[PDB]
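Participant: Mind having a look at this structure? Questions to follow.
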Amino acid sequence: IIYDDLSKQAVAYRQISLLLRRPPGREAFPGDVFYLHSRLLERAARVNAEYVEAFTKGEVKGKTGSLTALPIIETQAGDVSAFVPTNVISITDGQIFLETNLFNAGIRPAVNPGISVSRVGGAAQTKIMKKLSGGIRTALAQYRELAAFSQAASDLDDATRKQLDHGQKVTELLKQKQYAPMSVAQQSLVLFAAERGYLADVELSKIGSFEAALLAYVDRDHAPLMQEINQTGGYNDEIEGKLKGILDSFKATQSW
Amino acid sequence: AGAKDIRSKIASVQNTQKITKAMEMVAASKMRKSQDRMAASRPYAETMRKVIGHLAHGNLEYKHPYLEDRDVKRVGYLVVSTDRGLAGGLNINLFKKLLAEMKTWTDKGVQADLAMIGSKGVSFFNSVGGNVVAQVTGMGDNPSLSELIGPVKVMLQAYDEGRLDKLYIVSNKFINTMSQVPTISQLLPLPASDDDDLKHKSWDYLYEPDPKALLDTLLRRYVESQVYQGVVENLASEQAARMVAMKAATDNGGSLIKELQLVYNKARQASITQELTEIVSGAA
């Protein structure tokens, strides 16, 4: 379930409540504005099979149902510390923070690491995704901070240089077109290529081409592995070896 | 904190930003004038070097203490620094490179020796405790060779007395308008510059009064000239470094204005909301 703007709902409760003369609080919302978004969102949940069985009078056995919620909040000037944004951050299991400076720089989708978090944890993710992703999040946050200080003065010590190159290539690798979804096999190949070092010798202006060619290469020849990884998200040494062969052979044999 | 004093801060930082922009413009222009003064310093030194090559690599190649190579027992550095701040790390980078090499020689048991141009280096190596035997300061943006004569004469006296075996100049190099680098180069004993020609057969100088006397005066003038060239290049490097530093400062000041204004506007809106809540909830 998607809620397109909970901030506009909060405005609506402001209008009804103030028209009923209820005394306002911070930013003129009622204190009941926490309870509003609380009881709405708290319905979204996953329920155990005993509840499903008791509810449906035993017509469904052993299954477990769920409702997944992606609420949307519009916030002024990127201020994450205003009242209603802070209330909803206090209710969800995490947030995805989109930064206008990244978006204007053409880095899209403009996800900001460090502020964005998923408090549920890696339990949601599949095995191959969890193993290949790992510390990519904090590496990106640290790359951005390092770029902040590197802009200020010149102190380059060769590991800083390679950290910067890696971070810049990863950010160029993360951007993606609108209405262009890609499956877990494609995502896992992309992450594998990024973190097993294969993007060495590859230009930043070539990164998008490198991906287009690689996904076409794996769609053409080693398709059965794609079917396997899309069926079960299993990370084995056998599958790592196959991926290693695919990336070795692509990097050595193909062009982009 | 409080929106009236926040607005006061905003005005103050805006005024600061204007003045740093002005300083960037001025630094660029001064860089231009000092790099014109740099080119005029070349011809004197280079024609002097052609004469010195004619005599020193000619068949009349006298063995002069300035011209000969001997084992290092003591070593000296002539060091150029600014009289003025806001130049970024130019002085500190140069001093770090100097500290590295000065450590390397003194581990060989070699006593170090220092002569300082500009007051920043004087203060720095007084804090470090370096062995400073001569200094000149307050030349500002109008250096002159006659002022350099003192420290270089001291170092030269120690050199031909045999006390110092090698003598460097420590200075930044104005490689580009956009980039500069700290350097250490040996000025005594005379480096083995290629400086080869055989046309001297056709025009051999009539040495009045003596050849060796003229050669000594030429070497002394050459060392003086090289020191002046290094000083002028370090001045141009100072102007370029201050230019880039003021550019960075102006940008950071603007980037701080854009945050203080968000704080101010949020406080403005909150104050209006709270006062009007008190008034409306105050009635009846």
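Each chain in the structure tokens gets a letter, A, B, ..., in the order shown, and its residues are numbered from 1; ligands are numbered from 1 in order too.
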Specify as a PyMOL selection string all residues of chain A found within 9 Å of chain B, counting only C-alpha atoms.
Facilitator: chain A and resi 23-28+77+152
Participant: From a DSSP pass on the backbone, collect the residues of range 92-226 of chain B flagged as alpha helix (DSSP H) and hand them back as a PDB file with C-alpha atoms, in the first residue's frame.
Facilitator:
ATOM      1  CA  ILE B  92      53.899  24.772   6.103  1.00  0.00           C
ATOM      2  CA  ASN B  93      54.353  22.421   3.144  1.00  0.00           C
ATOM      3  CA  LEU B  94      57.742  23.973   2.361  1.00  0.00           C
ATOM      4  CA  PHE B  95      58.813  23.713   6.013  1.00  0.00           C
ATOM      5  CA  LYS B  96      57.724  20.060   6.184  1.00  0.00           C
ATOM      6  CA  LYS B  97      59.862  19.149   3.170  1.00  0.00           C
ATOM      7  CA  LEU B  98      62.758  21.087   4.713  1.00  0.00           C
ATOM      8  CA  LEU B  99      62.316  19.264   8.031  1.00  0.00           C
ATOM      9  CA  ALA B 100      62.498  15.919   6.243  1.00  0.00           C
ATOM     10  CA  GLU B 101      65.804  16.659   4.520  1.00  0.00           C
ATOM     11  CA  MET B 102      67.274  18.463   7.557  1.00  0.00           C
ATOM     12  CA  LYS B 103      66.521  15.356   9.627  1.00  0.00           C
ATOM     13  CA  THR B 104      68.134  13.156   6.977  1.00  0.00           C
ATOM     14  CA  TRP B 105      71.452  15.038   6.999  1.00  0.00           C
ATOM     15  CA  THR B 106      71.655  15.456  10.787  1.00  0.00           C
ATOM     16  CA  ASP B 107      71.209  11.701  11.213  1.00  0.00           C
ATOM     17  CA  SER B 119      59.077  36.440   9.390  1.00  0.00           C
ATOM     18  CA  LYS B 120      56.780  33.385   9.284  1.00  0.00           C
ATOM     19  CA  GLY B 121      59.735  31.041   8.858  1.00  0.00           C
ATOM     20  CA  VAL B 122      61.569  32.947  11.592  1.00  0.00           C
ATOM     21  CA  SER B 123      58.719  32.325  14.035  1.00  0.00           C
ATOM     22  CA  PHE B 124      58.259  28.698  12.940  1.00  0.00           C
ATOM     23  CA  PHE B 125      61.918  27.709  13.344  1.00  0.00           C
ATOM     24  CA  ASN B 126      62.191  29.661  16.573  1.00  0.00           C
ATOM     25  CA  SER B 127      59.345  27.467  17.828  1.00  0.00           C
ATOM     26  CA  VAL B 128      61.089  24.371  16.440  1.00  0.00           C
ATOM     27  CA  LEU B 145      68.468  42.267  -3.861  1.00  0.00           C
ATOM     28  CA  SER B 146      70.396  44.689  -1.628  1.00  0.00           C
ATOM     29  CA  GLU B 147      68.437  43.389   1.366  1.00  0.00           C
ATOM     30  CA  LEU B 148      69.358  39.768   0.595  1.00  0.00           C
ATOM     31  CA  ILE B 149      73.089  40.585   0.693  1.00  0.00           C
ATOM     32  CA  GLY B 150      73.272  40.200   4.467  1.00  0.00           C
ATOM     33  CA  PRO B 151      72.131  36.605   4.996  1.00  0.00           C
ATOM     34  CA  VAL B 152      73.739  35.301   1.797  1.00  0.00           C
ATOM     35  CA  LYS B 153      77.025  36.979   2.732  1.00  0.00           C
ATOM     36  CA  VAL B 154      76.915  35.246   6.129  1.00  0.00           C
ATOM     37  CA  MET B 155      76.251  31.833   4.586  1.00  0.00           C
ATOM     38  CA  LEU B 156      78.922  32.413   1.919  1.00  0.00           C
ATOM     39  CA  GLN B 157      81.470  33.378   4.571  1.00  0.00           C
ATOM     40  CA  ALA B 158      80.772  30.124   6.383  1.00  0.00           C
ATOM     41  CA  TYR B 159      81.118  28.294   3.055  1.00  0.00           C
ATOM     42  CA  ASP B 160      84.513  29.534   1.857  1.00  0.00           C
ATOM     43  CA  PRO B 211      91.000  35.869 -14.550  1.00  0.00           C
ATOM     44  CA  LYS B 212      90.511  34.309 -11.103  1.00  0.00           C
ATOM     45  CA  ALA B 213      89.543  37.590  -9.412  1.00  0.00           C
ATOM     46  CA  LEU B 214      86.859  38.150 -12.048  1.00  0.00           C
ATOM     47  CA  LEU B 215      85.690  34.555 -11.622  1.00  0.00           C
ATOM     48  CA  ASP B 216      85.279  35.010  -7.859  1.00  0.00           C
ATOM     49  CA  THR B 217      83.202  38.160  -8.296  1.00  0.00           C
ATOM     50  CA  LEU B 218      81.102  36.350 -10.923  1.00  0.00           C
ATOM     51  CA  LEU B 219      80.365  33.403  -8.622  1.00  0.00           C
ATOM     52  CA  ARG B 220      79.416  35.696  -5.746  1.00  0.00           C
ATOM     53  CA  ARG B 221      77.059  37.636  -8.032  1.00  0.00           C
ATOM     54  CA  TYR B 222      75.554  34.387  -9.347  1.00  0.00           C
ATOM     55  CA  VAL B 223      74.667  33.096  -5.884  1.00  0.00           C
ATOM     56  CA  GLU B 224      73.122  36.470  -5.058  1.00  0.00           C
ATOM     57  CA  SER B 225      71.121  36.365  -8.311  1.00  0.00           C
ATOM     58  CA  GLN B 226      69.811  32.829  -7.765  1.00  0.00           C
TER      59      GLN B 226
END
Participant: Have a look at CA of residue 22 in chain B and CA of residue 238 in chain B and let me know their distance in Å, one decimal.
Facilitator: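 CA of residue 22 in chain B sits 16.8 Å away from CA of residue 238 in chain B.
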Participant: For residue 65 in chain A, please output as a PyMOL selection string all residues within 10 Å (counting only C-alpha atoms; exclusion window: fewer than 5 positions along the same chain).
Facilitator: chain A and resi 45-49+51-52
Participant: If you keep N, CA and C atoms, can you produce a file of those selected residues as an mmCIF file, in the first residue's frame?
Facilitator:
data_model
loop_
_atom_site.group_PDB
_atom_site.id
_atom_site.type_symbol
_atom_site.label_atom_id
_atom_site.label_comp_id
_atom_site.auth_asym_id
_atom_site.auth_seq_id
_atom_site.Cartn_x
_atom_site.Cartn_y
_atom_site.Cartn_z
ATOM 1 N N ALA A 45 0.999 -4.742 8.872
ATOM 2 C CA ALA A 45 1.652 -5.727 9.728
ATOM 3 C C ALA A 45 1.710 -7.075 9.020
ATOM 4 N N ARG A 46 2.484 -7.985 9.604
ATOM 5 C CA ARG A 46 2.513 -9.391 9.229
ATOM 6 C C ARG A 46 1.973 -10.204 10.399
ATOM 7 N N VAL A 47 1.073 -11.138 10.111
ATOM 8 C CA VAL A 47 0.349 -11.879 11.137
ATOM 9 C C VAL A 47 0.712 -13.357 11.048
ATOM 10 N N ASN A 48 0.786 -14.013 12.203
ATOM 11 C CA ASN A 48 1.167 -15.416 12.242
ATOM 12 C C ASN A 48 0.019 -16.316 11.783
ATOM 13 N N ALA A 49 0.372 -17.563 11.451
ATOM 14 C CA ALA A 49 -0.596 -18.496 10.883
ATOM 15 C C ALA A 49 -1.696 -18.854 11.872
ATOM 16 N N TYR A 51 -3.133 -16.651 13.863
ATOM 17 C CA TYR A 51 -4.121 -15.591 13.685
ATOM 18 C C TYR A 51 -4.888 -15.758 12.380
ATOM 19 N N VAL A 52 -4.203 -16.138 11.301
ATOM 20 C CA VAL A 52 -4.898 -16.328 10.032
ATOM 21 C C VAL A 52 -5.914 -17.455 10.156
#
Participant: For residue 21 in chain B, list every protein, DNA or RNA residue within 9 Å, evaluated using only C-alpha atoms, and leave out those in the same chain fewer than 4 positions away; present the list as a ChimeraX atom specification.
Facilitator: /B:16-17,25-26,246-247,249-250
Participant: How about saving the chosen residues, C-alpha atoms kept, as an mmCIF file, in the first residue's frame?
Facilitator:
data_model
loop_
_atom_site.group_PDB
_atom_site.id
_atom_site.type_symbol
_atom_site.label_atom_id
_atom_site.label_comp_id
_atom_site.auth_asym_id
_atom_site.auth_seq_id
_atom_site.Cartn_x
_atom_site.Cartn_y
_atom_site.Cartn_z
ATOM 1 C CA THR B 16 32.888 39.291 5.161
ATOM 2 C CA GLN B 17 32.105 37.439 1.921
ATOM 3 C CA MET B 25 40.560 39.896 -7.403
ATOM 4 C CA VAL B 26 43.482 41.837 -5.908
ATOM 5 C CA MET B 246 40.180 33.554 -0.860
ATOM 6 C CA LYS B 247 38.134 31.819 -3.569
ATOM 7 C CA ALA B 249 36.706 31.284 1.690
ATOM 8 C CA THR B 250 34.149 33.232 -0.360
#
Participant: Residues at most 9 Å from range 123-140 of chain A, counting only C-alpha atoms, excluding those fewer than 3 positions away in the same chain, as a ChimeraX atom specification?
Facilitator: /A:113-114,120,143-145,163,167,170-171,184,187-188,191-192,195,229,232-236
Participant: With N, CA, C and O atoms kept, could you save the residues just selected as a short mmCIF file (atom, residue, chain, number, x, y, z; two decimals), in the first residue's frame?
Facilitator:
data_model
loop_
_atom_site.label_atom_id
_atom_site.label_comp_id
_atom_site.auth_asym_id
_atom_site.auth_seq_id
_atom_site.Cartn_x
_atom_site.Cartn_y
_atom_site.Cartn_z
N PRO A 113 22.45 8.11 1.57
CA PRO A 113 22.84 7.20 2.64
C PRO A 113 23.10 7.96 3.93
O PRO A 113 23.22 9.18 3.96
N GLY A 114 23.18 7.21 5.02
CA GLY A 114 23.35 7.81 6.34
C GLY A 114 22.05 8.25 6.97
O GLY A 114 21.77 7.92 8.12
N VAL A 120 14.34 -2.79 9.92
CA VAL A 120 14.00 -4.21 9.93
C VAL A 120 15.27 -5.06 9.88
O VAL A 120 15.38 -6.08 10.57
N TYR A 143 32.50 7.66 1.51
CA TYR A 143 32.99 8.28 0.28
C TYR A 143 32.48 9.71 0.15
O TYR A 143 33.22 10.61 -0.25
N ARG A 144 31.20 9.93 0.48
CA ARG A 144 30.65 11.28 0.36
C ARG A 144 31.31 12.23 1.36
O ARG A 144 31.68 13.36 1.01
N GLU A 145 31.52 11.77 2.60
CA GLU A 145 32.20 12.62 3.59
C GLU A 145 33.64 12.92 3.17
O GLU A 145 34.14 14.06 3.32
N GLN A 163 39.90 4.95 -3.13
CA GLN A 163 38.59 5.08 -2.48
C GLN A 163 37.69 6.03 -3.25
O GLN A 163 36.51 5.73 -3.47
N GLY A 167 34.27 4.95 -5.14
CA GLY A 167 33.01 5.57 -4.78
C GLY A 167 32.33 6.24 -5.96
O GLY A 167 31.11 6.14 -6.13
N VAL A 170 30.88 3.55 -8.19
CA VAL A 170 29.70 2.94 -7.59
C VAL A 170 28.49 3.87 -7.70
O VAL A 170 27.38 3.42 -8.01
N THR A 171 28.68 5.16 -7.45
CA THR A 171 27.58 6.10 -7.61
C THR A 171 27.11 6.17 -9.06
O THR A 171 25.91 6.25 -9.32
N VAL A 184 16.64 -9.64 -9.73
CA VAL A 184 17.68 -9.90 -8.73
C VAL A 184 18.92 -10.52 -9.35
O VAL A 184 20.04 -10.32 -8.85
N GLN A 187 20.71 -7.51 -10.73
CA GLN A 187 21.23 -6.73 -9.61
C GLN A 187 22.44 -7.40 -8.99
O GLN A 187 23.42 -6.74 -8.63
N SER A 188 22.39 -8.73 -8.83
CA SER A 188 23.49 -9.45 -8.23
C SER A 188 24.72 -9.45 -9.13
O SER A 188 25.84 -9.33 -8.63
N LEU A 191 26.22 -5.92 -8.62
CA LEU A 191 26.94 -5.81 -7.35
C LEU A 191 28.24 -6.61 -7.37
O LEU A 191 29.28 -6.14 -6.89
N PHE A 192 28.19 -7.82 -7.94
CA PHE A 192 29.37 -8.66 -8.06
C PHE A 192 30.46 -7.96 -8.86
O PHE A 192 31.62 -7.94 -8.44
N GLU A 195 32.01 -5.06 -6.69
CA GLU A 195 32.81 -5.32 -5.49
C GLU A 195 33.87 -6.40 -5.65
O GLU A 195 34.73 -6.52 -4.77
N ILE A 229 19.23 -18.13 -10.41
CA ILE A 229 19.36 -17.09 -9.40
C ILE A 229 18.03 -16.37 -9.19
O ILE A 229 17.72 -15.95 -8.07
N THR A 232 15.74 -19.23 -6.95
CA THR A 232 16.21 -19.24 -5.57
C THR A 232 17.38 -18.28 -5.45
O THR A 232 18.37 -18.43 -6.17
N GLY A 233 17.27 -17.32 -4.55
CA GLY A 233 18.35 -16.37 -4.35
C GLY A 233 19.46 -16.98 -3.52
O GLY A 233 19.74 -16.52 -2.42
N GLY A 234 20.09 -18.02 -4.06
CA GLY A 234 21.10 -18.77 -3.32
C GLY A 234 22.50 -18.38 -3.75
O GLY A 234 22.80 -18.32 -4.95
N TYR A 235 23.35 -18.12 -2.77
CA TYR A 235 24.75 -17.78 -2.99
C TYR A 235 25.60 -18.96 -2.54
O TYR A 235 25.70 -19.25 -1.34
N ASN A 236 26.20 -19.66 -3.50
CA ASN A 236 27.11 -20.77 -3.24
C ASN A 236 28.47 -20.46 -3.85
O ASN A 236 28.64 -19.49 -4.59
#
Participant: In terms of the shortest atom-to-atom distance over only C-alpha atoms, which of A:108, A:222, A:8, A:242 is closest to residue 37 in chain A?
Facilitator: A:8
Participant: Which residues are near residue 177 in chain A? Cut-off 9 Å, only C-alpha atoms, ignore same chain within fewer than 3 positions. Put them as a PyMOL selection string.
Facilitator: chain A and resi 108-109+180-181
Participant: Based on the selection just made, write C-alpha atoms of those residues as a CSV table (one decimal), in the first residue's frame.
Facilitator:
chain,number,residue,atom,x,y,z
A,108,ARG,CA,18.8,9.5,-9.9
A,109,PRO,CA,17.3,7.9,-7.9
A,180,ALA,CA,13.2,0.4,-15.9
A,181,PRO,CA,13.0,-2.4,-13.3
Participant: Among the residues of range 80-280 of chain B, find those DSSP assigns to strand (DSSP E or B) from the backbone and print them as a list in words.
Facilitator: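 Checking each residue of range 80-280 of chain B, the strand (DSSP E or B) ones are residues 80, 111, 112, 113, 114, 115, 116, 117, 132, 133, 134, 135, 136, 166, 167, 168, 169, 170, 171, 172, 173, 181, 182, 183, 184, 185, 186, 187 and 188 of chain B.
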Participant: Kindly save the residues from that selection, with C-alpha atoms included, as a PDB file, in the first residue's frame.
Facilitator:
ATOM      1  CA  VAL B  80      62.056  31.832   1.900  1.00  0.00           C
ATOM      2  CA  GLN B 111      75.154  20.012  11.696  1.00  0.00           C
ATOM      3  CA  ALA B 112      72.350  21.960  10.022  1.00  0.00           C
ATOM      4  CA  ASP B 113      72.397  25.704   9.340  1.00  0.00           C
ATOM      5  CA  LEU B 114      69.565  28.110   8.515  1.00  0.00           C
ATOM      6  CA  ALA B 115      69.076  31.604   7.084  1.00  0.00           C
ATOM      7  CA  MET B 116      65.529  32.946   6.897  1.00  0.00           C
ATOM      8  CA  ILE B 117      63.730  35.286   4.491  1.00  0.00           C
ATOM      9  CA  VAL B 132      69.277  30.225  12.547  1.00  0.00           C
ATOM     10  CA  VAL B 133      72.342  32.415  12.016  1.00  0.00           C
ATOM     11  CA  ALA B 134      70.918  35.111   9.703  1.00  0.00           C
ATOM     12  CA  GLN B 135      67.517  36.565   8.871  1.00  0.00           C
ATOM     13  CA  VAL B 136      65.812  39.403   7.006  1.00  0.00           C
ATOM     14  CA  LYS B 166      76.929  22.332   0.751  1.00  0.00           C
ATOM     15  CA  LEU B 167      74.273  25.052   0.707  1.00  0.00           C
ATOM     16  CA  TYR B 168      70.680  24.844  -0.560  1.00  0.00           C
ATOM     17  CA  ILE B 169      67.900  27.316  -1.279  1.00  0.00           C
ATOM     18  CA  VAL B 170      64.421  26.342  -0.057  1.00  0.00           C
ATOM     19  CA  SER B 171      61.587  27.878  -2.063  1.00  0.00           C
ATOM     20  CA  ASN B 172      58.316  27.232  -3.854  1.00  0.00           C
ATOM     21  CA  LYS B 173      58.228  27.156  -7.667  1.00  0.00           C
ATOM     22  CA  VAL B 181      55.355  23.203  -5.637  1.00  0.00           C
ATOM     23  CA  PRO B 182      57.878  23.440  -2.760  1.00  0.00           C
ATOM     24  CA  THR B 183      61.500  22.709  -3.685  1.00  0.00           C
ATOM     25  CA  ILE B 184      65.014  22.360  -2.265  1.00  0.00           C
ATOM     26  CA  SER B 185      67.918  22.992  -4.656  1.00  0.00           C
ATOM     27  CA  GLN B 186      71.696  23.101  -4.206  1.00  0.00           C
ATOM     28  CA  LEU B 187      73.282  26.463  -5.061  1.00  0.00           C
ATOM     29  CA  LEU B 188      76.743  25.696  -3.626  1.00  0.00           C
TER      30      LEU B 188
END
Participant: I'd like the contact shell of range 224-227 of chain A - 8 Å cut-off, only C-alpha atoms, skipping same-chain residues fewer than 5 positions apart - returned as a compact mmCIF listing (two decimals) with N, CA, C and O atoms, in the first residue's frame.
Facilitator:
# COMPACT_ATOMS: atom_id res chain seq x y z
N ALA A 185 18.77 -11.30 -10.43
CA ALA A 185 19.95 -11.82 -11.10
C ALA A 185 20.79 -10.69 -11.70
O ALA A 185 22.01 -10.66 -11.54
N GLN A 186 20.12 -9.74 -12.36
CA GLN A 186 20.82 -8.59 -12.92
C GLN A 186 21.45 -7.74 -11.81
O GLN A 186 22.61 -7.33 -11.92
N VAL A 218 24.93 -11.67 -20.61
CA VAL A 218 24.41 -12.73 -19.75
C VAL A 218 23.00 -13.13 -20.17
O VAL A 218 22.57 -14.26 -19.89
N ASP A 219 22.25 -12.23 -20.81
CA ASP A 219 20.97 -12.64 -21.36
C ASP A 219 21.16 -13.55 -22.57
O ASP A 219 20.34 -14.45 -22.80
Participant: In Å, rounded to a single decimal, give me how far CA of residue 81 in chain A is from CA of residue 267 in chain B.
Facilitator: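 Answer for the CA of residue 267 in chain B to CA of residue 81 in chain A separation: 13.1 Å.
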Participant: Measuring atom to atom with only C-alpha atoms, identify which of B:91, B:46, B:189, B:34 is nearest to residue 64 in chain B.
Facilitator: B:189
Participant: For residue 68 in chain A, which of A:182, A:117, A:10, A:1 is the closest residue, counting only C-alpha atoms?
Facilitator: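 Under the stated criterion, the closest residue is A:1.
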